[PDB]
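Student: Pasting the sequence and an experimental structure:
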Amino acid sequence: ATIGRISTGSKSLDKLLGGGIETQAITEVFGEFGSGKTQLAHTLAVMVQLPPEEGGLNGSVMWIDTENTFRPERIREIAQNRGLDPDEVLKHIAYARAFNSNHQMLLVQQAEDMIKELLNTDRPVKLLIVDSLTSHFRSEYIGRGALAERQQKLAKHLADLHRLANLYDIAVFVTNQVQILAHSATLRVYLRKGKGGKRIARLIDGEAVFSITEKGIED
Ligand SMILES: c1ccc2[nH]ncc2c1
């Protein structure tokens, strides 16, 4: 299958990304607390539901939340302010809270069932969010010996996510709170606060600038 692209809501960020976030890929955003990672996730969960000529994929969403940071009313606000029905947009987000890293890993395997179910509907899953990818791993795997163990478990989790992205033509979008370790996302985006309330994004391994607004994010 040909890759699809999802607009982030920001023309600046879309250009940095080569045209939006890609299906058949894991895009990791990383940065300090407050850098806007979860706001971008909320915005993408709306944008993907737009038709293709508007920057979406007519897609549904699966969201794995490890920090209780998903806000249904933020989805509804972004949707309404972009001209979409807030309740229809929210309904197309399947939502699960991951209680620990082992549950998080099972939830990714479990997501395949709904992905298959929806694959030939008019709104197949096109975006899978894990927010936060790393928080449970960081809390659970700590101290001498934990680097190798945590990295190996994360590698398996990321392999599972890569398979879903690649097999079912889904964009996987993950967040990581930061600030030497290896990473296996296909693309890593460093996010930080800038002047005037702006957020600045840089590809890791130019910079885009955007604001967090009632439309989610925009230039
Ligand atoms: C991941 C995210 C949301 C979900 N809803 N049901 C299963 C599942 C897995």
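Tutor: Nice, I can see it. Numbers count the residues shown, from 1 in each chain.
Student: Can you get me a residue count around residue 197?
Tutor: 9 (other C-beta atoms under 10 Å). Bear in mind the C-beta positions are built from the backbone N, C-alpha and C, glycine included.
Student: got it, and residue 175?
Tutor: Number of residues near residue 175 (other C-beta under 10 Å) recorded here: 26.
Student: Can you tell me what sits against the helix or strand harbouring it?
Tutor: Counting by DSSP states H and E, the element that carries residue 175 is strand 171-177. The contact list for strand 171-177 (C-beta atoms under 8 Å, 6 or more residues apart in numbering) reads 4, 6, 21-33, 37-38, 40-41, 44, 48, 126-135, 161-162, 164-165, 185.
Student: mind running it again at 6 Å?
Tutor: With C-beta atoms under 6 Å, 6 or more residues apart in numbering as the test, strand 171-177 has contacts from 6, 21, 23, 26-30, 33, 37, 44, 127-134, 161, 165.
Student: How far off centre is that strand?
Tutor: Between the centre of strand 171-177 and the centre of its chain there are 4 Å (C-alpha atoms, centre = their mean, to the nearest Å).
Student: With stretch 29-44 instead?
Tutor: When distances are taken as C-alpha atoms, centre = their mean, stretch 29-44 is centred 9 Å away from the chain's centroid.
Student: cool, stretch 199-206 as well?
Tutor: Stretch 199-206 sits 16 Å away from the centroid of its parent chain (C-alpha atoms, centre = their mean).
Student: Let's see which of the contacts of strand 171-177 end up in strands.
Tutor: When DSSP state E defines the strands, the subset of these inside them is 6, 21, 26-30, 127-131.
Student: Next, name the residue at the spatial heart of this structure.
Tutor: The centre of the chain sits closest to residue 173, judged by C-alpha atoms, centre = their mean, with a distance of 2.6 Å.
Student: Mind listing the residues bridging to that residue?
Tutor: Residue 173 forms beta bridges with residue 27, residue 129, as assigned by DSSP bridges.
Student: This structure: helices as residue ranges?
Tutor: Per DSSP state H, the chain carries helices over the ranges 11-16, 37-47, 72-81, 86-91, 101-118, 135-140, 146-168.
Student: Ok, which of those comes nearest residue 206?
Tutor: helix 11-16 (6.4 Å; C-beta to C-beta).
Student: Point out the residues in this structure that sit beside the ligand.
Tutor: Neighbours of the ligand within the chain, by C-beta under 6 Å from any ligand atom: 62-64, 94-96, 107, 110-111, 114.
Student: could you redo the last one with a cut-off of 5 Å?
Tutor: By the rule C-beta under 5 Å from any ligand atom, the part of the chain lying against the ligand is 62, 64, 94, 96, 107, 110-111.
Student: got these as CSV, with neighbour count columns?
Tutor: As requested, the residues of the chain next to the ligand are exported to CSV (neighbours: other C-beta atoms under 10 Å):
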residue, neighbour count
62, 27
64, 24
94, 16
96, 18
107, 18
110, 14
111, 23
